[PDB]
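Enquirer: Sharing a structure with you now.
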Amino acid sequence: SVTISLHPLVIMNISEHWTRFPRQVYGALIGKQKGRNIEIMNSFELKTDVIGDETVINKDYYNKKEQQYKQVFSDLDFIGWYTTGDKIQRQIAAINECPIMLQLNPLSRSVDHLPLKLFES
Amino acid sequence: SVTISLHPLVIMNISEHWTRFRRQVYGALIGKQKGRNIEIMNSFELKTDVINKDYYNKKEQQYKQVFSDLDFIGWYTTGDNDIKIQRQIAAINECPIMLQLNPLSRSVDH
């Protein structure tokens with residue numbers, strides 16, 4: 001039971017991240033929240049490195065970007081993660097209309113094995 | 001603490017609904033959920049005059065008949081409708097899509 005207020009800019013960001021691009025993308029959500037009301041207002045891309053068949057989020061880049069975003073959008077915080085990407089699945093994915101997955105208020109802010117953290121659900 | 005998996009078709013539908021309109025728009029979300037995982041897979045427009053209760057019941061029945069693995073999981077709303085300037089130039093500013101998931105009543109007010 002929750003209310004999400006999702007700004008178009010976020011949809012835009014995620015979609016563009018996916019377009020300019022292993023076959024998943026990942027990022028951070030930023031916004032505000034009070035009780036069960038969550039405003040998702042912005043987001044940034046996580047840089048990854050493929051180590052043979054494994055996608056690894058770049059920890060240092062994440063800490064850097066988060067710092068920056070906090071300096072610039074000082075009324076907002078990290079509120080979670082997004083990810084998106086690749087008969088019927090072939091067609092939806094080839095036209096790029098895969099689901100956007102939004103994980104809000106995860107239990108760790110840790111980016112280590114993030115893909116496996118996310119996909120465990 | 002929750003995971004939403006949002007299908008583009010839903011964003012599409014909501015956007016279409018808002019575009020074809022002449023200052024808020026309302027609709028129903030349908031999908032699946034297990035624990036804190038919610039999949040929002042489809043949606044339908046609510047006719048208004050005040051939400052039209054009969055039309056809502058009708059459409060929900062239909063959607064349940066067609067998408068039988070899915071259920072009602074909440075409401076969306078969007079459109080123009082505190083900061084003065086946010087009011088004056090609302091029509092050219094971005095409008096958030098509001099998604100209310102697992103409301104306490106399935107009753108058709110707000």
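Letters A, B, ... go to the chains of the structure tokens in the order shown; residues in each chain start at 1; ligands are counted from 1 in the same order.
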Taking only C-alpha atoms into account, what are the residues of chain A at most 12 Å from chain B, put as a ChimeraX atom specification?

Expert: /A:1-12,14-15,33,35-42,79-85,92-93,95-108,117-121

Enquirer: How many Å lie between CA of residue 94 (chain A) and CA of residue 12 (chain B), rounded to one decimal?

Expert: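 Between these atoms lies a distance of 17.2 Å.
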
Enquirer: Run DSSP on the backbone of this structure and report the residues of chain A it assigns to strand (DSSP E or B), as an NGL selection string.

Expert: :A and (2-6 or 24-34 or 37-45 or 48-51 or 54-57 or 77-85 or 100-104)

Enquirer: Show which residues sit within 9 Å of residue 77 (chain A), as a PyMOL selection string. Count only C-alpha atoms, and ignore same-chain residues fewer than 3 positions away.

Expert: chain A and resi 29-32+66+69-70+73-74

Enquirer: Would you save the residues of that selection, restricted to N, CA and C atoms, as a JSON list (two decimals), in the first residue's frame?

Expert:
[["chain", "number", "residue", "atom", "x", "y", "z"],
["A", 29, "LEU", "N", 17.60, 6.00, -8.27],
["A", 29, "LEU", "CA", 16.45, 6.90, -8.17],
["A", 29, "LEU", "C", 16.68, 7.96, -7.09],
["A", 30, "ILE", "N", 16.35, 9.21, -7.38],
["A", 30, "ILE", "CA", 16.34, 10.19, -6.30],
["A", 30, "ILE", "C", 14.99, 10.90, -6.16],
["A", 31, "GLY", "N", 14.64, 11.30, -4.94],
["A", 31, "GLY", "CA", 13.39, 11.99, -4.72],
["A", 31, "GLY", "C", 13.13, 12.30, -3.26],
["A", 32, "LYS", "N", 11.86, 12.28, -2.87],
["A", 32, "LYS", "CA", 11.44, 12.65, -1.52],
["A", 32, "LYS", "C", 10.38, 11.68, -1.12],
["A", 66, "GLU", "N", 26.59, 10.00, -6.49],
["A", 66, "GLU", "CA", 25.66, 10.24, -5.40],
["A", 66, "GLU", "C", 26.00, 11.52, -4.64],
["A", 69, "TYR", "N", 24.99, 14.48, -6.73],
["A", 69, "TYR", "CA", 23.56, 14.69, -6.78],
["A", 69, "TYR", "C", 23.05, 15.27, -5.48],
["A", 70, "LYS", "N", 23.72, 14.91, -4.39],
["A", 70, "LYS", "CA", 23.31, 15.39, -3.09],
["A", 70, "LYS", "C", 23.70, 16.85, -2.95],
["A", 73, "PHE", "N", 21.03, 18.58, -5.80],
["A", 73, "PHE", "CA", 19.64, 18.44, -5.37],
["A", 73, "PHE", "C", 19.61, 18.17, -3.88],
["A", 74, "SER", "N", 19.74, 19.22, -3.08],
["A", 74, "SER", "CA", 20.00, 19.03, -1.65],
["A", 74, "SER", "C", 18.75, 18.68, -0.83]]

Enquirer: In Å, how far is it from CA of residue 13 (chain A) to CA of residue 89 (chain A)?

Expert: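 Between these atoms lies a distance of 22.8 Å.
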
Enquirer: Compare B:48, B:42, B:53, B:13 by their minimum atom-to-atom distance to residue 66 (chain B), counting only C-alpha atoms, and give me the closest one.

Expert: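 The shortest atom-to-atom distance to residue 66 (chain B) comes from B:42.
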
Enquirer: Could you find all residues in chain B that DSSP calls helix (DSSP H, G or I) from the backbone, and write them as a PyMOL selection string?

Expert: chain B and resi 8-19+53-66+84-88+90-92

Enquirer: Interatomic distance between CA of residue 54 (chain A) and CA of residue 20 (chain A)?

Expert: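 It comes out at 19.9 Å.
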
Enquirer: Can you tell me, as a PDB file with N, CA and C atoms, in the first residue's frame, what residues are no more than 12 Å from residue 61 (chain B) when counting only C-alpha atoms, ignoring any on the same chain fewer than 6 positions away?

Expert:
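Everything below was put into out12.pdb:
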ATOM      1  N   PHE B  44      -6.963   0.653 -17.441  1.00  0.00           N
ATOM      2  CA  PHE B  44      -8.043   1.180 -18.251  1.00  0.00           C
ATOM      3  C   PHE B  44      -8.518   2.536 -17.734  1.00  0.00           C
ATOM      4  N   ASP B  54     -20.971   2.568 -12.577  1.00  0.00           N
ATOM      5  CA  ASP B  54     -21.435   1.464 -13.408  1.00  0.00           C
ATOM      6  C   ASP B  54     -20.408   1.131 -14.487  1.00  0.00           C
ATOM      7  N   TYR B  55     -19.918   2.159 -15.180  1.00  0.00           N
ATOM      8  CA  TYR B  55     -18.864   1.964 -16.184  1.00  0.00           C
ATOM      9  C   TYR B  55     -17.626   1.293 -15.582  1.00  0.00           C
ATOM     10  N   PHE B  67      -8.138 -10.752 -18.980  1.00  0.00           N
ATOM     11  CA  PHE B  67      -6.853 -10.964 -18.317  1.00  0.00           C
ATOM     12  C   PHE B  67      -7.117 -11.652 -16.990  1.00  0.00           C
ATOM     13  N   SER B  68      -7.274 -12.972 -17.022  1.00  0.00           N
ATOM     14  CA  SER B  68      -7.797 -13.700 -15.867  1.00  0.00           C
ATOM     15  C   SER B  68      -6.736 -14.011 -14.825  1.00  0.00           C
ATOM     16  N   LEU B  70      -4.682 -11.631 -13.874  1.00  0.00           N
ATOM     17  CA  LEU B  70      -4.384 -10.298 -13.356  1.00  0.00           C
ATOM     18  C   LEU B  70      -5.515  -9.801 -12.491  1.00  0.00           C
ATOM     19  N   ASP B  71      -5.230  -8.813 -11.652  1.00  0.00           N
ATOM     20  CA  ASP B  71      -6.268  -8.212 -10.832  1.00  0.00           C
ATOM     21  C   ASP B  71      -6.134  -6.709 -10.785  1.00  0.00           C
ATOM     22  N   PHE B  72      -7.155  -6.060 -10.235  1.00  0.00           N
ATOM     23  CA  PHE B  72      -7.079  -4.657  -9.875  1.00  0.00           C
ATOM     24  C   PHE B  72      -6.006  -4.503  -8.809  1.00  0.00           C
TER      25      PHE B  72
END

Enquirer: Find the spatial neighbours of residue 45 (chain B), counting only C-alpha atoms, within a cut-off of 9 Å - ignore same-chain residues fewer than 5 positions away - and output them as a VMD selection string.

Expert: chain B and resid 13 to 14 17 25 to 28 56 59

Enquirer: Would you kindly return, as a PyMOL selection string, each protein, DNA or RNA residue with an atom no farther than 10 Å from any atom of residue 59 (chain A), considering only C-alpha atoms and excluding same-chain residues fewer than 5 positions away?

Expert: chain A and resi 46-48+64+110-112

Enquirer: From the options A:52, A:27, A:115, A:22, which residue's atoms come nearest to residue 78 (chain A), counting only C-alpha atoms?

Expert: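 When distances to residue 78 (chain A) are compared using only C-alpha atoms, the smallest one comes from A:27.
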